[PDB]
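Have a look at the structure below before the remarks.
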Ligand SMILES: CC(=O)SCCNC(=O)CCNC(=O)[C@H](O)C(C)(C)COP(=O)(O)OP(=O)(O)OC[C@H]1O[C@@H](n2cnc3c(N)ncnc32)[C@H](O)[C@@H]1OP(=O)(O)O
Ligand SMILES: O=C([O-])CC(=O)C(=O)O
Ligand SMILES: O=C([O-])CC(=O)C(=O)O
């Protein structure tokens, strides 16, 4: 896609990046004035505006300004100011377009004679680049193809300056020959290294001082940005000069760029009654052409798309925008909405119609008020359910909605809505049944579709032999062969895939637009690969021309780029062409037919399969050559291939506007090379070079002898008529219909539309990973951070599933910090240190001590909480608990230090006791426990409440008396084991810190002293 | 029900090739447990079947058993046995 740029941007790029021995004058001498900006700042930032004479021109992509006189030449400052007074900022027109005039380019005027001027133009064609030059200056340059000098330079070819001198400068004046040679060489290099498509400099003032550029136009390959974004800087593409964009049109435009979907909307008549909301660019072209041809040319409101599987929000917004625009002004003859569409490849029709029905139900008021009628036609996955829900809402909201499926032709509904009809060495055999393909990329969906097509076509071997993915190791992917499981090898290099599968002759390159070129070259370096199908869309045209050249030299057939692929029923299917097996079975694409079709875009291919299946025997072969304007295989290269094929009996061709291609078919049939019946119809009339239009092409085909219909509506009718023309003579014999093998429904597909149940295990309630944001209990992660709850808060949410009050969260944090570490001598830290000094990883190392926890190391927390609980809630007063446990011969857990005591407090029990006292509401078990410690510290004085005990009791008392748990919940948590989770968590920090330490100290393997073992082995066993 | 009569497909993960619990008998490689015991292959034989998926010759099975016996223990001072003793001595 070559986009025209503002002449200022081309001027700047020429100034920065030209390279020639001669000197270019007036470098960085230009200015731009808009009605939105004043003059003083521009009059001061460029100090050369008061040095010489100036010339001003409209810099808004306006052609042939010299004949129409929209340029002010040889005028000084106030002269151009007074010239701009009646022009700068209001409605102006040129040719047919009317619109606001926004930009002016101002250039220091160069004194030039009429003989010093020159004409140059470099434009890219399919086979190379044309450079064109005339020496007789001015506008009067005469015919350029005979008197001016042309030069075709090939692709990947270097321009010799001697060739420029010998072939281009034959009639140029001798004085300026040597400077123009270098200038043209530099201009060609500048053209070639910035991927320009069109570069026309007119006129070119070459005086004795040097070279002067005054006016030029440039169209640049917008797809090559990834190569030259650093070179073009901040490139800008101006819209064609015309009327202002409506608020709703700009709304849709900005709503398109936010996603990966294709959303288009352009108004033709804002007060019209026929509105099209159709999926597929070719589909919109077809509906627009049919309505314009069927008398709705003066009433068709707009054209546009919603494609690329738009989201439900995108579809809702697009539908409400398009419906609000038809409810502004009403119409005496009613109003029509046409929700058309091509046959969907894989997108579920039901979901799109759910979005559309939601929008229609929300906008039904004005729609009923304005007396609108909705015609909906669609096909693809689960189109029946979508039509059912559309009819259900048509009966519900009262808006008359007429729903149709694949059985009806595309543009019948627009014939029904308007009331015109009543409303009810290149080879010829690319693919054989022994064909195998290598798929380049992780495209498991496409490969599975190919395998399903192979199985339903009764093939004996899969058509995918191996997959190449450079970003992973060599392994095997598990795929389906009907019911069976098969393993398709995935390789990292192309080389080993090629060697292990020497009989593979097709490569389907699923690479991106910036990786298809080199991959395709590397594939061409293997002689066994006879055809390459390039699916990527957006490869720059120069790289595509290099691909075409190398394919021609190596005899490889390229299908693409920017193609969906080609489908040969019963034999082969490239990637995703045809769609899922619902479309393949609906269009009877599992058995060969006798009609071969060649299309340009991939959106019309599915409709062509539908039409050919429902009107004739069926499709024998169908190839979409791609939407790029340098396709790897033209129409001719495939029509000759079909002519050489004895299997086919008639050929359908569907081209578009632009490109002298079907004239080659005309020359072929008048030459007599093509004899089989050819039906064709070039879509894209849109007449609302003169030979490039679809109407002229259709004519030339009609008088050439090709059965061209008057519109698309009778395309199926004319192919049917050719079908009787060929079966009456007895050359086409309809084959007997054999039922195809059936594949089971996919589980994911059968659950998406919900005809099946599977019970789900792993009930979970602490995190919801899916959706827009992480949800811990019921509050999203953003609300977790905005409410400023810390780690204690997320333990509340994840462990107890409750938004705990602030003091309990801070207490959880506190008891994590006191638990964090207690030295390396203890058993768990010992295990972590031993495993960390044995070369093991953090997980192993720390989890070793993690395991070590539980009973004797680590289990006093719970042991006390569960003891003191059963002591408080059973009535025993503090001193009958001290005495019951003596008698039971057990010790109280939670009571007992070794060195600390009355007078030497524990200092970690004092920080935490003082928070549990100052901040907690009621602490009834910390009181019972601090009374059992009066009875026990009377005995020995070091029998105080240990940190274990305190944390235990204070957590039982925050769980029970805080306000969120209900004393059964708060007693499940104590039993399930949630106090062994606090200890564990705390130790985990310390444990890791003893891994990270013994790893910084680089300590080695620990062999235990043997003097500290005392082997007690038996005598002789 | 829909899979019993086979109108649906679900991809199965967890390819396994060392044991078949389902069916009449346990099958280690392809050789049932009764054949495992009738051919008198020992623990080395079932390492051959489960680990390498092959019915190893008799000397290979006996050598695997031998190298398991020599590896069995090397005292309590070494690091791993130290960790096992520490964790066993903590009541786990
Ligand atoms: C110059 C000279 O020295 S000559 C002086 C001559 N006199 C002496 O020699 C007297 C010196 N000895 C003593 O007085 C001492 O009492 C001793 C050494 C006999 C024993 O004293 P203690 O260490 O207090 O006894 P013990 O170790 O059994 O502990 C006392 C209590 O702590 C309790 N206790 C210990 N740990 C815990 C625990 N974790 N939870 C609850 N209770 C506990 C025990 O149940 C015991 O209870 P009891 O008194 O009801 O049986
Ligand atoms: O088949 C494709 O690649 C295109 C597709 O799914 C869709 O958007 O309908
Ligand atoms: O917490 C435990 O049960 C063990 C411990 O840290 C200590 O040695 O005091």
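Protein chains in written order, with the authors' numbering: chain D, 2 to 425, 487 to 750, 767 to 1099; chain C, 827 to 918.
Every residue, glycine too, gets a C-beta built ideally from N, C-alpha and C.
query	result
Short of 7 Å Cβ to Cβ, which residues in the stretch 692 to 725 of chain D face chain C?	none
Closer than 8 Å, CB to CB, is residue 253/D near chain C or not?	no
Spell out the partners DSSP gives residue 4/D in its beta bridges.	221/D
Could you give the first and the last residue of the continuous alpha helix (DSSP H) run that contains residue 470/D?	Here residue 470/D is not present, the numbering of chain D passing from 425 to 487 in one jump.
For residue 1098/D, would you say it is in contact with chain C, using Cβ-to-Cβ distances shorter than 8 Å as the test?	no
Where does residue 98/D land, buried or exposed, given buried means 16+ other C-beta within 10 angstroms?	exposed
Around the Cβ of residue 188/D, are there at least 16 other Cβ atoms within 10 angstroms (buried) or fewer (exposed)?	buried
Helix, strand or coil for residue 863/D? Go by DSSP, reduced to three states.	helix
Would you check if the distance between the CB atom of residue 58/D and the CB atom of residue 72/D is smaller than 8 Å?	yes
Answer with yes or no whether the minimum CB distance from residue 887/C to chain D is below 8 Å.	no
Using a Cβ-Cβ cut-off of 8 Å, state whether residue 900/C counts as contacting chain D.	no
Consider the Cβ of residue 848/C: report whether some Cβ of chain D lies at a distance smaller than 8 Å.	no
Taking one C-beta from the stretch 383 to 397 of chain D and one from the stretch 340 to 355 of chain D each time, how about it: are there three or more such pairs within less than 8 Å?	yes
Flag this pair as yes or no: are the beta carbons of residue 743/D and residue 787/D separated by less than 8 Å?	yes
Does any residue of chain D have a CB that is nearer than 8 Å to the CB of residue 914/C?	no
Please confirm whether residue 844/C has its beta-carbon closer than 8 Å to some beta-carbon of chain D.	no
Using a C-beta to C-beta distance shorter than 7 Å, which residues of chain D count as neighbours of residue 917/C?	933 and 934
If the cut is a Cβ gap below 8 Å, which residues of chain D does residue 832/C touch?	545 and 822
In the DSSP output, which residue or residues are listed as bridge partners for residue 777/D?	Partner(s): none; residue 777/D has no beta bridge.
Pull up the distance between the alpha-carbon of residue 308/D and that of residue 286/D, whole angstroms please.	14 Å
Is residue 1031/D near ligand 3, with its Cβ less than 7 Å from a heavy atom?	no
Return helix, strand or coil for residue 40/D, following the three-state DSSP convention.	coil
Considering Cα atoms alone, identify which of 619/D, 695/D and 327/D is closest to residue 364/D.	327/D
Would you say residue 1085/D lies against chain C (beta-carbon separation less than 8 Å)?	yes
Between residue 906/D and residue 931/D, is the Cβ-Cβ spacing less than 8 Å?	yes
Could you give the C-beta distance for residue 970/D and residue 1014/D, rounded to a whole number, given that I count them as a contact under 8 Å?	7 Å
Regarding residue 933/C and ligand 2, is the C-beta to nearest heavy atom distance less than 7 Å?	Not covered by the structure: residue 933/C. The range shown for chain C is 827 to 918.
Does ligand 1 have a heavy atom nearer than 7 Å to the CB of residue 1014/D?	yes
Examine ligand 2 and report whether any of its heavy atoms sits within less than 7 Å of the Cβ of residue 346/D.	yes
Residue 546/D by DSSP, collapsed to three states: which one?	strand
Alpha carbon to alpha carbon, how far is residue 749/D from residue 202/D? Give it in angstroms, no decimals.	29 Å
Give the list of continuous beta strand (DSSP E) stretches no shorter than 3 residues that lie fully inside the stretch 265 to 345 of chain D.	275 to 277, 303 to 308 and 336 to 340
Would you check if the stretch 170 to 187 of chain D and the stretch 143 to 153 of chain D touch, i.e. whether three or more CB-CB distances between them fall below 8 Å?	yes
Beta-carbon within less than 6 Å of residue 239/D's beta-carbon, same chain only, minus the 5 sequence neighbours each way: which residues are those?	7 and 62
Closer than 8 Å, CB to CB, is residue 1091/D near chain C or not?	yes
Which residues does DSSP pair with residue 831/C in a beta bridge?	None, per the DSSP bridge assignment.
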